[PDB]
Amino acid sequence: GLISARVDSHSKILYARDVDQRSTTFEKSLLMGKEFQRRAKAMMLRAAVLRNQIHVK
Amino acid sequence: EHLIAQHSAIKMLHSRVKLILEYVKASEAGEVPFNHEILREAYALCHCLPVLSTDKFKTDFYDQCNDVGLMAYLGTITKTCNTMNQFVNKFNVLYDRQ
Amino acid sequence: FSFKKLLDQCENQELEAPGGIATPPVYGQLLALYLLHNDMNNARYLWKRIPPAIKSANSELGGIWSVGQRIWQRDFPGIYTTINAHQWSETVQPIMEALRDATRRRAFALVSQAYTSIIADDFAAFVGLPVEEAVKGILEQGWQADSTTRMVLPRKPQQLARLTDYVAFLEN
Amino acid sequence: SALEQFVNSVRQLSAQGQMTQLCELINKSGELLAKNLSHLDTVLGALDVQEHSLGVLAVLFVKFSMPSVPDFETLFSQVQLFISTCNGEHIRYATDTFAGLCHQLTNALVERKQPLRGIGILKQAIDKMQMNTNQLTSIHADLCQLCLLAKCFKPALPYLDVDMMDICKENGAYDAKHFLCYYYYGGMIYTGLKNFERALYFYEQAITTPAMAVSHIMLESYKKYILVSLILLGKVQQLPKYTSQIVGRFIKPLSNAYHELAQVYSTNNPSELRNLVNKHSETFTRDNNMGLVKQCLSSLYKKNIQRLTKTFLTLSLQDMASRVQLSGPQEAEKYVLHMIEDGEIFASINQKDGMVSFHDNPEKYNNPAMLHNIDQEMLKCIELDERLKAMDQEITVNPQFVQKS
Amino acid sequence: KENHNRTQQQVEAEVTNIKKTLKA
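Just so you know, the protein sequences line up as chains A, F, H, C and G, in that order.
In this text, residue positions in the first sequence follow the authors' numbering: the first is 411, and each later residue adds one.
In this text, residue positions in the second sequence follow the authors' numbering: the first is 219, and each later residue adds one.
According to the authors' numbering, the residues represented by the third sequence are 11 to 167, 195 to 209, in order.
In this text, residue positions in the fourth sequence follow the authors' numbering: the first is 3, and each later residue adds one.
In this text, residue positions in the fifth sequence follow the authors' numbering: the first is 199, and each later residue adds one.
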């Protein structure tokens, strides 16, 4: 991540990539939402198993 | 309240458009002596629609829709975070186990 | 559509069985359908699900499985060669050729996407049609081909209620 | 004549309340050593559907009935007709015994060669006994085990795609073994169907069960979780913090081969990965984890090819093959073609120069399809919040609450 | 909005009822 660039080895040219702030914001927000949903649905199951006092003896 | 505020203005626009349409219908057959100027202005008004039906507008509109949708998704996530915080707090004060 | 109801019928047929094992024709039909929908995981699991004795009893299952291995390795030119090795039963005679057509379309996608320039021989092997399909590329589809190099060039081809629901959820 | 009085009491107790007396009477079993119920069974079974005889079936299955008292077909048909046509509500009053019956059915099917025909029976039993469509029961574990053993993963999909909320108590007979094995078998079913994200979720749920001892199901879940995290992701996902601190110090040393497999996987060198796989081939073959290890081997190449796009806009076939060590331009071309076909990468192949160009500009997020996707995500989040609020109100209305606060 | 308010007030009534009967 020191240099934001892309190498084209056909013509041997170092281009500069431009991060699309809108697209990267959207994808980061969607990934965060997916992670949130997974974490919450795991926490609900953990609450269910702790309410039942389920554990391995 | 917001939709009633929009309703109050759409009602006025509908009233004006209905009055113009009634004038055109009356001047059509025999009711009111028609003015060429007013009829031509009504034709121009009809030719003014659709308003900005270009492909460039249809992209900016969906840009705005997706921006507001992302904001709504983040607000929903925040609200669910608050609700799960409250649920976790009550679960901890009821099932408190050390 | 009717395909959904047909799949529902196969699900019903598979659901109940005299001993958990159904007739060989319906097993072959299910395996062919699994191959048709590219659901290869369930296809191979059905293949190992078949008991070894009935599996070795009939060679139609062997041919269907060989087609399955050919399509599993994504060996496109050999799919058509293997599908033509054996003769299928009459009740599935016209549909299996349809499966071939489906694979045809699949290959077309794999040429339209993921290929800027494709060798004519490799394109013909992927689509299966020897030389004539190349013509269909230029005259009908609209591509631009050139001779003496054999380089095919593919070309890449109700709301207000929702917002009210969102605001109602957020405001309460 | 004790039997006549007993059956008269059973008939009168039906549709008349006092279910506790009936339940205690069925619990007072073991003295019915006579096996002459076969001829008298088919007189009242058809009449008034099947609102009874669950206890008699349970006490018939377990008392030294190895080949189901050499009447396997008749007993199987009996339980088939019982489950297919049942009230569903009255038997829900005593689920425990029902679950036990299902367990016995599993023990009668997985043994010799035929665990398949019973899938469609526990399939109806699950939705016949459970509270709602999202409620974990011990029969879920048996259904998952039958689907795993019979190599028929499709029927269990509707009972794995839903997220469990609350677990049926089964009169205190729901052991943690049922939970662990259900989640482990769901993970194996999902890995069989190449659904690695949900498989990782299932394995993590199995691992994070509170415990104080070492369980073989937990250890196998840990191994397969490591493998699935190496396949789907490029690294072993960190386990959630709310795990038992004692079980997490003994299982890890046991699964050291998989941890060093991840350690050598993180070096992005396929040769060392293959050498170490050959070095502990015995461990993977004994644990039946082979096939997942080869999938890790292929995923290393796929991840190297994907990482090539994080630096290059356009690369030669020979250069790519030398960088990611496929030893041949044709193998690299086939790998990239398969990667684009599956949608894991955005690239195109130009055979005129033998070159691969990565077009890392997929989406602009300005189309109604993304609007619909965000709508679906928002709907899922809203239903999640509604479930959380319902659980919160339920925990508030509970009498023990407020009294303790 | 009216359904949310009704549910909130019903929950409030139930909790104060349980609090009253719990003070024996």
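Even for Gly, the Cβ is constructed at its ideal location relative to N, Cα and C.
{"query": "Those runs of the alpha helix (DSSP H) which lie wholly inside the segment 246-270 of chain F and span at least 4 residues", "result": "254-265"}
{"query": "For residue 446 of chain A, the nearest candidate out of F:310, F:291 and F:308 (CA to CA)", "result": "F:291"}
{"query": "Among H:109, H:47, H:80 and H:114, nearest to residue 143 of chain H - alpha-carbon criterion", "result": "H:114"}
{"query": "Any non-hydrogen atom of the ligand SAH within 7 angstroms of residue 150 of chain H CB", "result": "With respect to the ligand SAH, the structure shown offers nothing to examine, as it has no ligands at all."}
{"query": "Minimum Cβ-Cβ distance from residue 200 of chain G to chain C less than 8 angstroms", "result": "no"}
{"query": "Any chain F beta carbon closer than 8 angstroms to residue 461 of chain A", "result": "yes"}
{"query": "Nonlocal neighbours in the same chain, by C-beta distance under 7 angstroms from residue 236 of chain C, ignoring five residues either side", "result": "305"}
{"query": "Boundaries of the alpha helix (DSSP H) in which residue 260 of chain C is found, first to last residue", "result": "258-267"}
{"query": "Chain-ordered residues of the segment 421-443 of chain A with a beta carbon less than 9 angstroms from chain F", "result": "432, 435, 436, 439, 440, 442 and 443"}
{"query": "Proximal chain F residues relative to residue 450 of chain A, where beta-carbon distance stays under 8 angstroms", "result": "298 and 302"}
{"query": "Pairwise C-alpha distance: residue 35 of chain H and residue 108 of chain C", "result": "29 angstroms"}
{"query": "Residue 124 of chain H, DSSP secondary structure in three states", "result": "coil"}
{"query": "Between the CA atoms of residue 121 of chain H and residue 130 of chain H - distance to the nearest angstrom", "result": "11 angstroms"}
{"query": "Alpha carbon of residue 71 of chain C to alpha carbon of residue 80 of chain C, nearest angstrom", "result": "14 angstroms"}
{"query": "Interface positions of the segment 126-138 of chain H facing chain C (Cβ-Cβ less than 9 angstroms), listed along the chain", "result": "126, 127, 128, 129 and 132"}
{"query": "Beta-bridge partners of residue 423 of chain A, as assigned by DSSP", "result": "A:418"}
{"query": "Same chain, Cβ closer than 7 angstroms to residue 64 of chain C, neighbours up to 5 away in sequence not counted", "result": "106"}
{"query": "Residue closest to residue 459 of chain A, alpha-carbon to alpha-carbon, out of C:67, C:91 and C:207", "result": "C:207"}
{"query": "Burial state of residue 11 of chain H (16 or more Cβ within 10 Å)", "result": "exposed"}
{"query": "With 16 other Cβ atoms within 10 Å as the buried cut-off, status of residue 229 of chain C", "result": "buried"}
{"query": "C-alpha distance - residue 47 of chain H paired with residue 28 of chain C, whole-angstrom precision", "result": "51 angstroms"}
{"query": "Near-chain H residues of the segment 323-341 of chain C (beta-carbon distance less than 7 angstroms), N- to C-terminal order", "result": "339 and 340"}
{"query": "Contacts of residue 394 of chain C in chain F (Cβ-Cβ under 8 angstroms)", "result": "301, 304, 305 and 308"}
{"query": "Same chain, Cβ closer than 6 angstroms to residue 358 of chain C, neighbours up to 5 away in sequence not counted", "result": "317, 338, 349 and 351"}
{"query": "Interface positions of the segment 171-203 of chain C facing chain H (Cβ-Cβ less than 7 angstroms), listed along the chain", "result": "194, 195 and 196"}
{"query": "Reference residue 433 of chain A, options C:393, C:396 and C:372, closest by Cα", "result": "C:372"}
{"query": "Chain C contact for residue 48 of chain H (CB, 8 angstroms cutoff)", "result": "no"}
{"query": "Alpha helix (DSSP H) runs contained entirely in the segment 55-98 of chain C, provided each spans 4 or more residues", "result": "56-64 and 74-86"}
{"query": "Under 9 angstroms by beta carbon: chain F residues contacting residue 457 of chain A", "result": "305, 306, 309 and 313"}
{"query": "Residue 246 of chain C - DSSP class collapsed to helix/strand/coil", "result": "coil"}
{"query": "First and last residue of the uninterrupted alpha helix (DSSP H) at residue 358 of chain C", "result": "Premise fails: residue 358 of chain C lies in the beta strand (DSSP E), 357-360, not in any alpha helix (DSSP H)."}
{"query": "Local Cβ density within 10 Å of residue 54 of chain C, reported as buried at 16 or more and exposed below that", "result": "buried"}
{"query": "CB contact flag (residue 209 of chain C, residue 245 of chain C, <8 angstroms)", "result": "yes"}
{"query": "Coarse secondary structure for residue 316 of chain C, derived from DSSP in three states", "result": "strand"}
{"query": "Opening and closing residue of the alpha helix (DSSP H) in which residue 40 of chain C lies", "result": "39-43"}
{"query": "Exposure of residue 8 of chain C, with buried meaning 16 or more beta-carbon neighbours within 10 Å", "result": "exposed"}
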